[PDB]
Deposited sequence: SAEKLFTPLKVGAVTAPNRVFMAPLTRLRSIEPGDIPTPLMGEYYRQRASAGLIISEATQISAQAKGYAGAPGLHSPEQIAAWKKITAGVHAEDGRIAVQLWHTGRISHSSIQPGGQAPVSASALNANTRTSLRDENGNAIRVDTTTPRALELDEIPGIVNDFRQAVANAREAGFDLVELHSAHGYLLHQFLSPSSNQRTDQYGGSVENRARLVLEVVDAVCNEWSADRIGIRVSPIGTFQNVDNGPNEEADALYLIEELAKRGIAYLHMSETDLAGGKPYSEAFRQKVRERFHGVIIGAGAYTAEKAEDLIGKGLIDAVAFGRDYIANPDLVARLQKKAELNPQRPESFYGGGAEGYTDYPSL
(Lines of atoms letter the chains of each structure in order from A and count residues from 1; the text may use other names and numbers.)
(Lines give C-alpha, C1' and ligand atoms only; values in the text may rest on other atoms or scores of the structure.)
Protein backbone atom coordinates (compact mmCIF):
# COMPACT_ATOMS: atom_id res chain seq x y z
CA UNK A 1 0.00 0.00 0.00
CA UNK A 2 1.31 3.40 1.05
CA UNK A 3 4.84 2.40 2.02
CA UNK A 4 5.90 2.80 -1.59
CA UNK A 5 4.43 6.21 -2.39
CA UNK A 6 6.50 9.39 -2.62
CA UNK A 7 7.13 11.75 0.28
CA UNK A 8 8.61 15.22 0.34
CA UNK A 9 11.17 15.57 3.13
CA UNK A 10 12.23 19.22 3.32
CA UNK A 11 14.51 19.95 0.37
CA UNK A 12 14.20 16.48 -1.12
CA UNK A 13 11.51 14.12 -2.30
CA UNK A 14 11.82 10.43 -1.46
CA UNK A 15 10.43 7.96 -4.07
CA UNK A 16 9.18 5.78 -1.18
CA UNK A 17 8.97 5.58 2.66
CA UNK A 18 11.61 2.85 3.23
CA UNK A 19 14.51 4.74 4.80
CA UNK A 20 17.90 3.37 5.80
CA UNK A 21 18.56 4.23 9.49
CA UNK A 22 21.90 5.59 10.64
CA UNK A 23 24.21 2.58 11.20
CA UNK A 24 27.62 2.90 12.85
CA UNK A 25 29.83 0.29 11.13
CA UNK A 26 33.25 1.47 12.17
CA UNK A 27 35.18 0.78 8.98
CA UNK A 28 36.81 4.22 8.52
CA UNK A 29 40.51 4.85 8.17
CA UNK A 30 42.57 5.77 11.18
CA UNK A 31 44.32 8.02 11.60
CA UNK A 32 42.03 10.71 10.26
CA UNK A 33 38.62 9.05 10.59
CA UNK A 34 38.26 8.96 6.85
CA UNK A 35 35.45 7.41 4.85
CA UNK A 36 36.51 4.87 2.20
CA UNK A 37 35.39 3.79 -1.23
CA UNK A 38 34.27 0.58 0.38
CA UNK A 39 31.90 2.67 2.48
CA UNK A 40 31.01 4.29 -0.81
CA UNK A 41 30.14 0.95 -2.42
CA UNK A 42 28.11 0.03 0.68
CA UNK A 43 25.91 3.20 0.47
CA UNK A 44 25.64 3.01 -3.33
CA UNK A 45 24.29 -0.57 -2.92
CA UNK A 46 21.42 0.81 -0.87
CA UNK A 47 20.60 3.85 -2.95
CA UNK A 48 17.02 2.65 -3.72
CA UNK A 49 16.19 3.71 -0.21
CA UNK A 50 13.62 6.49 -0.01
CA UNK A 51 16.39 8.17 2.01
CA UNK A 52 19.79 7.03 3.20
CA UNK A 53 20.86 8.28 6.66
CA UNK A 54 24.61 7.79 7.21
CA UNK A 55 26.34 6.38 10.21
CA UNK A 56 26.91 8.94 13.01
CA UNK A 57 29.74 11.21 11.96
CA UNK A 58 31.90 13.35 14.28
CA UNK A 59 31.40 17.10 14.06
CA UNK A 60 34.96 17.44 15.41
CA UNK A 61 37.91 15.33 16.62
CA UNK A 62 36.74 16.05 20.10
CA UNK A 63 33.34 14.49 19.09
CA UNK A 64 35.01 11.10 18.54
CA UNK A 65 34.10 8.24 20.92
CA UNK A 66 34.52 5.14 18.70
CA UNK A 67 37.59 3.98 16.82
CA UNK A 68 36.50 3.74 13.19
CA UNK A 69 33.57 6.21 13.09
CA UNK A 70 34.08 8.75 10.29
CA UNK A 71 34.41 12.53 10.76
CA UNK A 72 33.21 15.54 8.78
CA UNK A 73 35.61 18.22 10.05
CA UNK A 74 38.71 17.85 7.86
CA UNK A 75 39.41 18.41 4.14
CA UNK A 76 40.52 14.75 3.91
CA UNK A 77 37.13 13.78 5.32
CA UNK A 78 35.08 16.18 3.20
CA UNK A 79 36.79 15.07 -0.02
CA UNK A 80 36.22 11.39 0.82
CA UNK A 81 32.54 11.99 1.60
CA UNK A 82 32.09 13.98 -1.60
CA UNK A 83 32.89 10.88 -3.59
CA UNK A 84 30.44 8.80 -1.51
CA UNK A 85 27.56 11.26 -1.94
CA UNK A 86 28.38 11.54 -5.64
CA UNK A 87 28.03 7.74 -5.95
CA UNK A 88 24.64 7.71 -4.27
CA UNK A 89 23.53 10.54 -6.51
CA UNK A 90 24.67 8.68 -9.61
CA UNK A 91 22.32 5.89 -8.51
CA UNK A 92 19.54 8.49 -8.11
CA UNK A 93 19.57 8.13 -4.31
CA UNK A 94 19.39 10.72 -1.49
CA UNK A 95 21.71 10.80 1.52
CA UNK A 96 21.58 12.67 4.84
CA UNK A 97 24.56 12.81 7.18
CA UNK A 98 23.83 12.15 10.86
CA UNK A 99 26.08 14.36 12.97
CA UNK A 100 27.05 13.69 16.58
CA UNK A 101 29.28 14.53 19.41
CA UNK A 102 29.56 11.35 21.52
CA UNK A 103 30.17 13.27 24.76
CA UNK A 104 30.80 10.91 27.64
CA UNK A 105 30.46 7.81 25.47
CA UNK A 106 34.10 7.82 24.49
CA UNK A 107 37.57 6.87 25.76
CA UNK A 108 40.47 9.16 26.70
CA UNK A 109 42.77 7.03 24.57
CA UNK A 110 41.11 8.30 21.39
CA UNK A 111 40.62 11.96 22.47
CA UNK A 112 42.88 14.86 21.45
CA UNK A 113 45.79 14.84 23.92
CA UNK A 114 44.57 11.70 25.61
CA UNK A 115 42.21 13.93 27.58
CA UNK A 116 38.96 13.03 29.32
CA UNK A 117 35.90 13.41 27.04
CA UNK A 118 33.32 16.08 27.83
CA UNK A 119 29.70 16.02 28.92
CA UNK A 120 27.06 18.11 30.68
CA UNK A 121 28.36 16.75 34.02
CA UNK A 122 31.14 14.56 35.46
CA UNK A 123 29.43 11.19 35.46
CA UNK A 124 30.47 7.95 33.88
CA UNK A 125 28.20 6.72 31.13
CA UNK A 126 28.61 3.37 32.85
CA UNK A 127 28.54 1.60 29.46
CA UNK A 128 30.99 0.63 26.72
CA UNK A 129 32.23 2.12 23.44
CA UNK A 130 33.98 0.37 20.61
CA UNK A 131 37.74 0.74 20.17
CA UNK A 132 40.34 -1.05 18.06
CA UNK A 133 43.08 -3.41 19.19
CA UNK A 134 46.61 -3.59 17.87
CA UNK A 135 45.40 -5.70 15.00
CA UNK A 136 42.73 -3.09 14.25
CA UNK A 137 39.87 -5.37 15.21
CA UNK A 138 36.95 -3.82 17.08
CA UNK A 139 36.81 -4.34 20.89
CA UNK A 140 34.31 -3.19 23.51
CA UNK A 141 35.82 -1.04 26.27
CA UNK A 142 34.55 0.64 29.46
CA UNK A 143 34.00 4.38 28.94
CA UNK A 144 36.11 7.12 30.48
CA UNK A 145 34.70 9.48 33.15
CA UNK A 146 33.97 12.79 31.47
CA UNK A 147 34.88 16.34 32.26
CA UNK A 148 31.86 18.62 32.68
CA UNK A 149 31.88 21.35 30.01
CA UNK A 150 32.70 24.84 31.24
CA UNK A 151 29.89 27.29 30.50
CA UNK A 152 32.13 29.25 28.19
CA UNK A 153 32.90 26.16 26.08
CA UNK A 154 29.33 25.72 24.94
CA UNK A 155 29.49 28.24 22.07
CA UNK A 156 32.41 26.21 20.74
CA UNK A 157 30.14 23.15 20.63
CA UNK A 158 27.32 25.01 18.86
CA UNK A 159 29.86 26.38 16.37
CA UNK A 160 31.15 22.85 15.71
CA UNK A 161 27.66 21.69 14.64
CA UNK A 162 27.33 24.81 12.46
CA UNK A 163 30.66 24.22 10.73
CA UNK A 164 30.02 20.48 10.35
CA UNK A 165 26.75 21.46 8.66
CA UNK A 166 28.51 23.81 6.24
CA UNK A 167 30.88 20.87 5.56
CA UNK A 168 27.89 18.62 4.96
CA UNK A 169 26.64 20.98 2.29
CA UNK A 170 30.15 21.25 0.82
CA UNK A 171 30.43 17.41 0.73
CA UNK A 172 27.19 16.85 -1.16
CA UNK A 173 24.67 15.49 1.42
CA UNK A 174 21.06 16.37 0.77
CA UNK A 175 20.13 16.72 4.50
CA UNK A 176 21.58 16.74 7.98
CA UNK A 177 20.32 14.69 10.86
CA UNK A 178 21.23 16.01 14.31
CA UNK A 179 22.06 13.09 16.63
CA UNK A 180 20.10 14.09 19.77
CA UNK A 181 19.36 10.50 20.94
CA UNK A 182 20.98 7.37 22.40
CA UNK A 183 22.75 9.08 25.27
CA UNK A 184 25.28 11.02 23.19
CA UNK A 185 26.19 14.67 23.90
CA UNK A 186 22.93 16.40 23.06
CA UNK A 187 20.95 13.73 24.90
CA UNK A 188 23.39 13.90 27.84
CA UNK A 189 22.15 17.49 28.15
CA UNK A 190 18.51 16.58 27.66
CA UNK A 191 18.48 13.99 30.48
CA UNK A 192 18.10 14.73 34.19
CA UNK A 193 20.04 11.49 34.70
CA UNK A 194 23.20 12.74 33.02
CA UNK A 195 22.68 16.49 33.46
CA UNK A 196 23.29 17.87 36.99
CA UNK A 197 24.47 21.36 35.99
CA UNK A 198 23.20 24.31 38.02
CA UNK A 199 23.88 26.87 35.31
CA UNK A 200 21.37 27.82 32.59
CA UNK A 201 22.13 24.51 30.86
CA UNK A 202 20.83 22.44 33.81
CA UNK A 203 17.69 21.95 35.92
CA UNK A 204 14.38 22.70 34.28
CA UNK A 205 13.40 21.00 31.00
CA UNK A 206 13.78 24.36 29.26
CA UNK A 207 17.36 24.49 30.62
CA UNK A 208 18.17 20.93 29.64
CA UNK A 209 16.86 21.49 26.09
CA UNK A 210 18.74 24.84 25.62
CA UNK A 211 21.85 23.32 24.01
CA UNK A 212 19.95 21.25 21.50
CA UNK A 213 17.71 24.21 20.58
CA UNK A 214 20.68 26.58 20.09
CA UNK A 215 22.21 23.90 17.80
CA UNK A 216 19.00 23.72 15.85
CA UNK A 217 18.87 27.51 15.40
CA UNK A 218 22.56 27.77 14.50
CA UNK A 219 22.19 25.17 11.79
CA UNK A 220 18.88 26.54 10.45
CA UNK A 221 20.75 29.88 9.99
CA UNK A 222 23.79 28.17 8.57
CA UNK A 223 21.85 26.27 5.89
CA UNK A 224 18.06 25.89 6.07
CA UNK A 225 15.35 24.37 8.26
CA UNK A 226 14.38 22.47 5.08
CA UNK A 227 17.76 20.66 5.33
CA UNK A 228 17.67 19.80 9.02
CA UNK A 229 16.29 16.68 10.67
CA UNK A 230 16.79 15.57 14.28
CA UNK A 231 16.87 12.15 15.91
CA UNK A 232 15.44 11.85 19.43
CA UNK A 233 14.99 8.81 21.74
CA UNK A 234 12.72 10.53 24.29
CA UNK A 235 10.80 7.56 25.71
CA UNK A 236 12.64 5.00 27.77
CA UNK A 237 16.31 4.16 28.34
CA UNK A 238 19.15 4.15 25.85
CA UNK A 239 22.69 3.17 26.69
CA UNK A 240 22.01 3.98 30.39
CA UNK A 241 20.60 7.41 29.73
CA UNK A 242 16.95 7.47 30.69
CA UNK A 243 14.58 10.32 30.03
CA UNK A 244 13.86 11.32 33.63
CA UNK A 245 10.63 11.24 35.69
CA UNK A 246 8.20 13.02 33.26
CA UNK A 247 9.60 11.75 29.93
CA UNK A 248 6.39 12.09 28.02
CA UNK A 249 5.70 15.73 28.93
CA UNK A 250 9.40 16.58 28.46
CA UNK A 251 9.26 15.07 25.01
CA UNK A 252 6.21 17.13 24.03
CA UNK A 253 8.05 20.21 25.32
CA UNK A 254 11.07 19.66 23.03
CA UNK A 255 8.83 18.68 20.16
CA UNK A 256 6.78 21.89 20.42
CA UNK A 257 10.00 23.93 20.40
CA UNK A 258 11.26 21.92 17.42
CA UNK A 259 8.10 22.66 15.55
CA UNK A 260 8.65 26.39 15.97
CA UNK A 261 11.79 26.16 13.87
CA UNK A 262 9.87 24.44 11.05
CA UNK A 263 12.62 21.83 10.49
CA UNK A 264 12.20 19.04 7.83
CA UNK A 265 11.73 16.02 10.04
CA UNK A 266 11.43 14.43 13.49
CA UNK A 267 13.08 10.98 13.59
CA UNK A 268 11.89 9.06 16.69
CA UNK A 269 14.06 6.15 17.67
CA UNK A 270 12.12 3.61 19.62
CA UNK A 271 12.94 0.61 21.71
CA UNK A 272 10.86 -1.95 27.30
CA UNK A 273 7.55 -0.09 26.75
CA UNK A 274 5.88 0.71 23.35
CA UNK A 275 4.52 4.13 22.37
CA UNK A 276 0.86 4.61 23.22
CA UNK A 277 -1.21 5.80 20.27
CA UNK A 278 -2.35 8.51 22.65
CA UNK A 279 1.24 9.78 22.86
CA UNK A 280 1.80 9.26 19.13
CA UNK A 281 -1.23 11.46 18.39
CA UNK A 282 0.12 14.17 20.66
CA UNK A 283 3.41 14.18 18.74
CA UNK A 284 1.59 14.40 15.37
CA UNK A 285 -0.47 17.26 16.83
CA UNK A 286 2.51 19.37 17.84
CA UNK A 287 4.92 18.70 15.04
CA UNK A 288 3.96 19.58 11.47
CA UNK A 289 6.92 18.17 9.58
CA UNK A 290 7.86 14.68 8.45
CA UNK A 291 7.69 12.01 11.21
CA UNK A 292 10.06 9.02 10.84
CA UNK A 293 9.69 6.00 13.16
CA UNK A 294 12.37 3.38 13.78
CA UNK A 295 13.23 0.63 16.27
CA UNK A 296 12.29 -2.97 15.55
CA UNK A 297 9.81 -1.85 12.90
CA UNK A 298 8.22 -4.25 10.43
CA UNK A 299 6.87 -3.43 7.00
CA UNK A 300 3.45 -4.25 8.45
CA UNK A 301 3.82 -2.09 11.62
CA UNK A 302 4.99 0.69 9.32
CA UNK A 303 2.13 0.23 6.92
CA UNK A 304 -0.29 0.50 9.85
CA UNK A 305 1.06 3.70 11.57
CA UNK A 306 1.49 5.39 8.21
CA UNK A 307 -2.05 4.64 7.12
CA UNK A 308 -3.13 5.80 10.59
CA UNK A 309 -1.33 9.06 9.80
CA UNK A 310 0.87 8.83 12.86
CA UNK A 311 4.25 8.69 11.09
CA UNK A 312 5.25 9.35 7.48
CA UNK A 313 8.11 6.93 7.00
CA UNK A 314 10.19 4.26 8.66
CA UNK A 315 13.92 3.68 8.94
CA UNK A 316 15.10 0.06 9.01
CA UNK A 317 18.44 -0.70 10.58
CA UNK A 318 19.47 -4.34 10.72
CA UNK A 319 17.34 -5.25 7.66
CA UNK A 320 19.25 -2.58 5.71
CA UNK A 321 22.52 -3.92 6.91
CA UNK A 322 21.58 -7.29 5.41
CA UNK A 323 19.46 -6.33 2.34
CA UNK A 324 20.89 -3.74 -0.12
CA UNK A 325 17.68 -3.97 -2.06
CA UNK A 326 15.43 -3.97 0.96
CA UNK A 327 12.97 -1.76 -0.95
CA UNK A 328 12.34 -4.31 -3.72
CA UNK A 329 12.06 -7.16 -1.19
CA UNK A 330 9.48 -5.42 0.90
CA UNK A 331 7.35 -4.81 -2.19
CA UNK A 332 7.65 -8.37 -3.53
CA UNK A 333 7.25 -9.71 -0.05
CA UNK A 334 10.54 -11.58 -0.68
CA UNK A 335 12.52 -13.41 2.03
CA UNK A 336 15.39 -11.33 3.55
CA UNK A 337 19.02 -12.43 3.92
CA UNK A 338 20.04 -13.70 7.37
CA UNK A 339 21.79 -11.01 9.44
CA UNK A 340 25.47 -11.34 10.40
CA UNK A 341 25.76 -9.47 13.79
CA UNK A 342 29.36 -10.55 14.38
CA UNK A 343 30.35 -8.23 11.53
CA UNK A 344 28.08 -5.25 12.26
CA UNK A 345 31.14 -3.50 13.77
CA UNK A 346 34.65 -3.21 12.30
CA UNK A 347 36.29 -5.34 9.65
CA UNK A 348 36.08 -4.96 5.88
CA UNK A 349 33.79 -5.96 3.01
CA UNK A 350 32.72 -9.25 4.66
CA UNK A 351 29.32 -8.68 6.25
CA UNK A 352 29.36 -5.16 4.77
CA UNK A 353 29.20 -5.10 0.89
CA UNK A 354 28.68 -8.87 0.38
CA UNK A 355 25.01 -9.22 1.19
CA UNK A 356 23.43 -10.01 -2.20
CA UNK A 357 20.33 -8.43 -3.79
CA UNK A 358 17.40 -10.31 -5.30
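Colleague: Please report every deposited-sequence interval that has no C-alpha in the structure, sorted by position.
Modeller: Several regions go unmodelled: 1 to 2, 274 to 277.
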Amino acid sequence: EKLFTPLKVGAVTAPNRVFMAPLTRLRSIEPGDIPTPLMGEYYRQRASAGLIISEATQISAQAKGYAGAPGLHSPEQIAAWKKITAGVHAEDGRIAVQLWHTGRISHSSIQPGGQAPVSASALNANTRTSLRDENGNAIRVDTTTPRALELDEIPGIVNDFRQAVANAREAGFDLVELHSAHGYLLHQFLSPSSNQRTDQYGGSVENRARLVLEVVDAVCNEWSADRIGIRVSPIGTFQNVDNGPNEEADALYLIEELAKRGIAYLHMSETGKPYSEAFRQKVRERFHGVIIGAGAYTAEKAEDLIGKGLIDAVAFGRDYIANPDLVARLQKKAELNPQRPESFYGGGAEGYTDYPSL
From here on, numbers count along this sequence of modelled residues.
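We call the rigid core the largest set of C-alpha positions that still match within 1.5 Å between the two forms.
Colleague: Using the rigid core for superposition, please say which stretch has the greater CA deviation in 7 other deposited structures of this protein, 272 to 280 or 175 to 183.
Modeller: Taking the RMS over all superposed structures in 7 other deposited structures of this protein, 272 to 280 lies farther out.
Colleague: Between 78 to 86 and 226 to 234, name whichever shows the higher mean Cα B factor according to the PDB entry.
Modeller: Comparing averages over the C-alpha atoms only gives 78 to 86.
Colleague: On average, are the C-alpha B-factors higher in 345 to 353 or in 19 to 27?
Modeller: Averaged over C-alpha atoms, the B-factors run higher in 345 to 353.
Colleague: Which has the highest CA B-factor per the PDB entry: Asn323, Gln331, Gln58, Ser48?
Modeller: Checking the PDB record, the top C-alpha B-factor among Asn323, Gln331, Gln58, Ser48 is at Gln331.
Colleague: At the C-alpha atoms, which of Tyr275, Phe189, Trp100, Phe173 reaches the highest B-factor in this entry?
Modeller: Highest CA B-factor of the listed options: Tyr275.
Colleague: When the modelled residues of the chain are sorted by Cα temperature factor, does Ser269 land in the lowest, middle or highest third?
Modeller: Within its chain, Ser269 is a lowest-third residue by C-alpha B-factor, going by the deposited values.
Colleague: Give the position of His288 by CA B-factor within its chain, expressed as the lowest, middle or highest third.
Modeller: Its C-alpha B-factor, which the entry lists for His288, ranks in the highest third among residues of this chain.
Colleague: Among all modelled residues of this chain, ranked by Cα B factor, put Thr298 in the bottom, middle or top third, i.e. lowest, middle or highest.
Modeller: CA B-factor rank for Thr298: highest third.
Colleague: Can you work out whether the C-alpha temperature factor of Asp250 puts it in the lowest, middle or highest third of the chain?
Modeller: It belongs to the middle third of the chain when residues are ordered by C-alpha B-factor.
Colleague: Is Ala125 in the lowest, middle or highest third of its chain when residues are ranked by C-alpha B-factor?
Modeller: Within its chain, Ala125 is a highest-third residue by C-alpha B-factor, going by the deposited values.
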